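Residues per chain are reported as follows:
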Amino acid sequence: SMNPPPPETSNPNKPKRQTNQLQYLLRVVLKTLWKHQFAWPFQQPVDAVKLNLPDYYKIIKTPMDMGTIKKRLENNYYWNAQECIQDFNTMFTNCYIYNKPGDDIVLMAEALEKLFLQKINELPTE
Ligand SMILES: CCc1cc2c(s1)-[n+]1c(n[nH]c1C)CN=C2c1ccccc1Cl
């Protein structure tokens, strides 16, 4: 088994901005999820070798994680909040796609997602 390369967090010819909605995604939306007791599986790319989950990346073709999302926010990778919000949703969705209802990991994802939804509710106007 092998892990793929992680998602890129740097791309010089990608257009970037530092919008207030994007400043908010880092300061409220990501920093809220990051500190949570259930954040740890989501803090780095899934290591399918360490976990002995050789199927992971045969199933999940758009991996995403908060380690990547954090690096993207810090390295001003994004153009808009919707690109960043899409990364969060991809992260949650991947978890639900790969894992069975009632798995501990799904309960963890579901806790974080509740907060995530609660924070994006008060995303400022651009
Ligand atoms: C940090 C190490 C990880 C463990 C797990 C990770 S990532 N995971 C998986 N699917 N999506 C994500 C993210 C596979 N299940 C787990 C996992 C999490 C909690 C308890 C047990 C497991 Cl087995």
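Residues numbered from 1 in each chain as written, not as in the entry; some residues may be left out. Heavy atoms only, no water. Residues with missing side-chain atoms left out of burial classes, pairs and counts.

Method of determination, as annotated in the archive: X-ray crystallography, at 1.87 Å resolution.

### Things to note about the site of the ligand
Which entries qualify depends on this criterion: The cutoff for a nearby residue is simple: one of its non-hydrogen atoms must lie within 4 Å of the molecule or strand. Think of a polar contact as two N or O atoms within 3.5 Å of one another; within protein, one of them needs to be a possible hydrogen donor and the other a possible acceptor, and neighboring residues in sequence only count if both atoms come from side chains. With residues, only the protein chains shown are counted as cover, and all accessible areas are computed by Shrake-Rupley using a 1.4 Å probe. Each residue gets one of three labels, nonpolar for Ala, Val, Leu, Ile, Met, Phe, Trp, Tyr, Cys and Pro, charged for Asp, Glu, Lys and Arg, and polar for the others, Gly among them.
In the vicinity of the ligand, the contacting residues are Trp-40, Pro-41, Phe-42, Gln-44, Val-46, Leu-51, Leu-53, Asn-99, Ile-105 and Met-108. Between the ligand and the protein, one listed contact pairs a nitrogen atom with a side-chain N or O atom of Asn-99 at 3.0 Å. Relative to its unbound accessible area of 510 Å², the ligand is 74% covered by the protein chains. Residue composition of the shell around the ligand, grouped by class: 8 nonpolar, 2 polar and no charged.

### Observations concerning the nonpolar core
To be explicit about the condition: Nonpolar cores were defined as sets of buried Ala, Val, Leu, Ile, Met, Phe, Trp, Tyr and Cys residues, with membership established by side-chain atoms within 4.5 Å. Each residue gets one of three labels from its accessible area relative to the maximum for its type: buried under 20%, exposed over 50%, partly exposed in between, using a 1.4 Å probe on protein chains only. Going along the chain from the N terminus, every DSSP run of H or I of four or more residues is numbered as a helix, and every run of E of two or more is numbered as a strand. Between two residues, a contact is recorded if the distance between any of their heavy atoms is within 4.5 Å.
In terms of nonpolar packing, the biggest core is built from 27 residues, with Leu-25, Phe-42, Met-66, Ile-69, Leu-73, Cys-84 and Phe-88 touching the most fellow members. Elements represented by at least two residues in this core include exactly α1 (20-35), α3 (66-74), α4 (81-98) and α5 (104-120). Considering each element in turn, this core owes the most residues, 8 residues, to α1. If we skip the residues at most four places from it in the chain, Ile-69 touches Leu-30, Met-64, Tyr-78, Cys-84, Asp-87 and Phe-88.

### A closer look at the pattern of salt bridges
The condition that has to hold: Note on definitions: salt bridges are taken to be side-chain nitrogens of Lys or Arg within 4 Å of carboxyl oxygens of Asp or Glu.
For the coordinates displayed, the defined rule picks out 3 salt bridges. In this structure, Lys-14 and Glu-83 form a salt bridge, with 2.9 Å as the shortest nitrogen-oxygen distance. Note that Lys-14 is positioned in the segment before α1 and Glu-83 in helix α4, a separation of 69 residues in sequence. A residue is classified by how much of its surface remains accessible, and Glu-83, at 29% relative accessible area, is partly exposed. Note that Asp-87 is salt-bridged to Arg-72, the shortest N-O span being 2.9 Å. You can see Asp-87 sitting in helix α4 and its partner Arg-72 sitting in helix α3, a full 15 residues away along the chain.

### Description of the environment of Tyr-78
Residue position: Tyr-78 is located in the loop between α3 and α4. Separated by 43 residues in sequence, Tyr-78 and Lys-35 place their C-alpha atoms 22 Å apart. When neighbours within four sequence positions are excluded, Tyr-78 is seen to be in contact with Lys-14, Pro-15, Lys-16, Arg-17, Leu-22, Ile-69, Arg-72, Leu-73, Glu-83, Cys-84 and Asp-87. Among the polar contacts listed, one links the side chain of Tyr-78 to the side chain of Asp-87, at a separation of 2.6 Å.

### So, the side chain of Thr-68
Tracing the sequence through the fold places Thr-68 in helix α3. Once you skip the residues sitting within four places of it in the chain, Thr-68 turns out to touch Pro-7, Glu-8, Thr-9 and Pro-45.

### A word on the packing of α1 against α5
Rule in force here: To obtain an axis, a line is fitted to C-alpha atoms, over the contacting stretch when the element is a helix, and the angle between two such axes runs from 0 to 180 degrees between their N-to-C directions. Comment on the angle field: the value is read as roughly parallel under 35 degrees, roughly antiparallel over 145, roughly perpendicular from 65 to 115, and oblique elsewhere. Here a crossing is called left-handed whenever its near helix is offset anticlockwise from the far helix by less than a right angle, and right-handed whenever the offset is clockwise.
Two elements in contact, α1 and α5, have axes separated by 9 Å at closest approach and are oriented at 155°. The angle between α1 and α5 falls in the class roughly antiparallel. Of the two possible hands of crossing, α1 and α5 adopt the one that is right-handed. Contacts between α1 and α5 involve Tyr-24, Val-28, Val-29, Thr-32 and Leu-33 from the first element and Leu-112, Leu-115, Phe-116, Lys-119 and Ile-120 from the second.

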